[PDB]
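*Asks:* coordinates for the following, if possible.
(one chain, ligands or ions: 2)
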Amino acid sequence: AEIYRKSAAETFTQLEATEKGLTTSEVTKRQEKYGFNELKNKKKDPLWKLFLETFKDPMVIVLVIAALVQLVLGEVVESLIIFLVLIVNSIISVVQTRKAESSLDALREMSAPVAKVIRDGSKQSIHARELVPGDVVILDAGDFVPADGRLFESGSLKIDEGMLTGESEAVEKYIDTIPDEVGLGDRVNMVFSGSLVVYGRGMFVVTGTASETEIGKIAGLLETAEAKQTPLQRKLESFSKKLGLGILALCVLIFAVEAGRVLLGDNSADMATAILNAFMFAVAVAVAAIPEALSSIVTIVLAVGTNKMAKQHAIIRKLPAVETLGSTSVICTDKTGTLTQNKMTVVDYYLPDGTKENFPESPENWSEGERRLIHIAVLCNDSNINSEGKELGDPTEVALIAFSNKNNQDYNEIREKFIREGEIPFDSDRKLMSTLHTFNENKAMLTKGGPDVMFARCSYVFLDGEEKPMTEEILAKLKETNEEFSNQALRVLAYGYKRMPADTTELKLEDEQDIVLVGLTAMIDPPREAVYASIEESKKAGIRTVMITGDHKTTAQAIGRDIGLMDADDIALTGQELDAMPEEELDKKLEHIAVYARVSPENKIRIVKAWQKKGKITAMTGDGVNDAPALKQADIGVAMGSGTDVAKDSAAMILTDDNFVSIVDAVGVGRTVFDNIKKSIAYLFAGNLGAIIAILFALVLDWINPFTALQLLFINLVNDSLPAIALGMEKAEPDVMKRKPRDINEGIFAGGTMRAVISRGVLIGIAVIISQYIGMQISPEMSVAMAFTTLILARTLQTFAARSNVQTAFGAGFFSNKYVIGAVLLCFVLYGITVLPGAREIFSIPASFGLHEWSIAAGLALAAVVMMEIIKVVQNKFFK
Ligand code: BEF
Ligand SMILES: [Mg+2]
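*Replies:* Numbering: from 1, shown residues only. Ligands and ions are numbered 1, 2, ... in the order given. Have a look at this structure:
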């Protein structure tokens, strides 16, 4: 807004509105051109496109044409089945992205209305929506801010810009003008919308309404709401086009060859018979070339995914998300509340006499001197622990009693022994807090402050008893330790019991001198106890890790060095450094960005977009509101358990236990799911190709096409639908974790699978053609039946040769997969239903079909899968 670069009273002139009062005519006029202070989602959601957008898929167009042709051919049944499964495949994909919509209601709940406003010179109160630039709004601690603006009177107020910066601590606000261009996190002279004023009073001008404000910027990034195609969807459509082209090639080929047979025929030939024969062949190939169960099967192999994840407290609302995490190569994480748990804890302490490397066990254990600081630090804090144990108060102050409760020392047993009734004033200047302390019969006035200012009024030191003041080795060692702790980016605090006043009625500002300081403590928001392994695990898995944070660069650069994200001598950049960097050099810097710091929401979505353009498919994990842009823009979003509902509803995956390990464990599952679908689709498609090779051979030899409609249909959507899922249920290979991330550009069958698909699909059709020849010698009706028996049995038995393209069924656990054998037996039954005397004529099986003919055809299908199994071992190929 550049207002923080501007002056205080100078801003009201450019707003041309008075700071004292806003007339009713100002409200009218300014509402007419700036509108209300409201956001409404601009989503038509007509669902007409969504119903039509399923016809954008080439797999569906061919089936519509085939079913329409099936209708005029008197083939009503086998056409209505196609219409059924087309509506099935449509209903899947429409509601797969209906729920993938950003909950702008969740962000609407932070509107925070009914804000005190000076209207017509009278102090009044109205909703947030009726606010417009130039108006004067009042802030008192405890209410939220209706909209962003610049404060022209600071009553020492501290606000919590958590939804912008990612830090939940109160930051002081200054009325003074900052004549400098700095970042978005350090807008000290102006406030923003949606933040809670933790402390102090204040007045401010509001530069903008709910539109073109910071939460409105986040809302725009969320309103784009365009998630890229998943690796599965991208690959599958890039192959669905190639698949659809084969149909309009083969239909033309059939319409041509059938016409070619009319020229050389004796007395020409029957013309309508040739045309109609071409049409029967055309529908027979169109139904066989498309695996119409592929959507109903891919959705179920994904049905396994988030179920395996639900046992680890990681929910997935959108199914296609699972496979995405497999192909991920760049993981971008949030610093506060994701790598950490937002809890403030102490890692090391400094006392004049005792500084053990590790904090000791229990107060009845160490017993080293008089723990004066341990006794006064629980008195100088203002944090409370409820019966629930939940956290309330300033986050820096809770670190005094949380670390105390960790060391077998209750937070009440020491706060009840000593009774303090202090003046507890504000910390506008010097960051001071006085109190009344009663020990034995003497008095004290404990006071806490920043180590750089609390030592300025310090006039005593003491180790192992009272040592009064000292000049050397005392004022130089405190700087040594405070500076080494600030080099570790540890928030250090100084606490001095100060027994300056005694039995006085009230503590005065003048008598805060002669301070006697006990000790210093270094608190920091520490990483999760489970994040350190998730980094070595991701690096050995081929995943580059990147931290995207909006906090200070010191803590952001310190965190991660211990974790190992960046190198031992790497450098981070600020959000200002990204506000001025264009896209030309950013992509050359994007490979050495390492870790960011003090970034804005738009900076997070920027990095995700840049990585996508780089060619790497990425993932985003964050917990607050300032991550929802990056989540919705990323391929998949992972929200934390304690994170706000904005990220929870704008993310595809939501883990609830804050266990970051489950992130890396997700990739291992991802690559597995895909690896199964690859070997599932293969199995389902090879059996399709074999059905085509058998049809085409009957056209070039002018035989009755070995299959009919409703027959191939039943094989595709009912018969093989079970073994495809069974192959989906296969076990994961231990070599999956080390393998480099699968590229987004390679095909589905890339990696040696394509050769396996063509091998198995050729063997199926070859056996089927032979069976049709035998039947053709017996009778034309027989050939159809024998060919169908061979197809429905060879695709069934193909599961054994299709469990793995690199290994045989024997030696890889023949009975290992209970689902594979279950499917082979169930498909034996699903074929037995064909020979029933009631359903024998609805499958075009003749009444003369005996067991000897079945012996022949089944021997052929058996020998076909036998061929496949011996073929698999023939070569050193298929290894990638
Ligand atoms: F809490 Be994160 F670092 F934005
Ligand atoms: Mg966070």
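
*Asks:* going forward, measure contacts and count neighbours with C-alpha atoms only.
*Replies:* OK.

*Asks:* so what's residue 301 closest to, chain neighbours aside?
*Replies:* Residue nearest to residue 301 in three dimensions, not counting chain neighbours: residue 728, with 5.6 Å by Cα to Cα, 6 or more residues apart in numbering.

*Asks:* identify the residues contacting the one you found.
*Replies:* Going by Cα atoms under 8 Å, 6 or more residues apart in numbering, residue 728 touches 301, 673, 676-677, 679-680.

*Asks:* ligand 1: which of those is nearest?
*Replies:* Distances from ligand 1 to the contacts of residue 728, taken as Cα to the nearest ligand atom, are shortest for residue 673 (30.3 Å).

*Asks:* neighbours around the closest one, how many?
*Replies:* For residue 673, the neighbour count with other Cα atoms under 10 Å is 26.

*Asks:* return the backbone torsion pair for the nearest residue to residue 113 once chain neighbours are set aside.
*Replies:* Using Cα to Cα, 6+ apart and skipping residues adjacent in sequence, the residue nearest residue 113 is residue 128, 4.2 Å away. Dihedral angles of residue 128 (phi, psi; degrees, to the nearest 10) stand at phi -70, psi -40.

*Asks:* can you get me a residue count around residue 128?
*Replies:* Neighbours around residue 128, by other Cα under 10 Å: 22.

*Asks:* wasn't residue 348 part of a strand?
*Replies:* Yes. When DSSP: H, G, I helix; E, B strand; the rest coil is applied, residue 348 is found to be in a strand.

*Asks:* and it, how far is that from residue 342?
*Replies:* Counting by Cα to Cα, to the nearest Å, the separation of residue 348 from residue 342 is 18 Å.

*Asks:* ok, residue 126 next?
*Replies:* With Cα to Cα as the criterion, residue 126 and residue 342 are 35 Å apart.

*Asks:* comparing those two, which residue is more hemmed in?
*Replies:* A count of neighbours by other Cα under 10 Å puts residue 342 above the other of residue 126 and residue 342, at 20 against 13.

*Asks:* and the residue nearest the centre of this protein?
*Replies:* residue 637 (1.5 Å; Cα atoms, centre = their mean).

*Asks:* can you name the residue of the stretch 101-250 of the chain nearest to ligand 2?
*Replies:* Scanning the stretch 101-250 of the chain for the residue nearest ligand 2 gives residue 166, at 5.0 Å (criterion: Cα to the ion).

*Asks:* contact partners for the nearest residue to residue 496 once chain neighbours are set aside?
*Replies:* Nearest residue to residue 496, sequence neighbours excluded (Cα to Cα, 6+ apart): residue 517, at 3.6 Å. By Cα under 8 Å, 6+ apart, the contact set of residue 517 is 458, 460-462, 494-498.

*Asks:* got those residues as JSON lines, with secondary structure and distance to residue 661 columns?
*Replies:* Below are the contacts of residue 517 laid out as JSON lines (DSSP: H, G, I helix; E, B strand; the rest coil; distance: Cα to Cα, whole Å):
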{"residue": "458", "secondary structure": "strand", "distance to residue 661": "46"}
{"residue": "460", "secondary structure": "strand", "distance to residue 661": "48"}
{"residue": "461", "secondary structure": "coil", "distance to residue 661": "46"}
{"residue": "462", "secondary structure": "coil", "distance to residue 661": "46"}
{"residue": "494", "secondary structure": "strand", "distance to residue 661": "36"}
{"residue": "495", "secondary structure": "strand", "distance to residue 661": "38"}
{"residue": "496", "secondary structure": "strand", "distance to residue 661": "42"}
{"residue": "497", "secondary structure": "coil", "distance to residue 661": "43"}
{"residue": "498", "secondary structure": "coil", "distance to residue 661": "47"}
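
*Asks:* export those residues to CSV and tack on distance to residue 180?
*Replies:* Formatted as CSV, the contacts of residue 517 follow (distance: Cα to Cα, whole Å):
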residue, distance to residue 180
458, 34
460, 39
461, 40
462, 43
494, 31
495, 34
496, 36
497, 39
498, 39
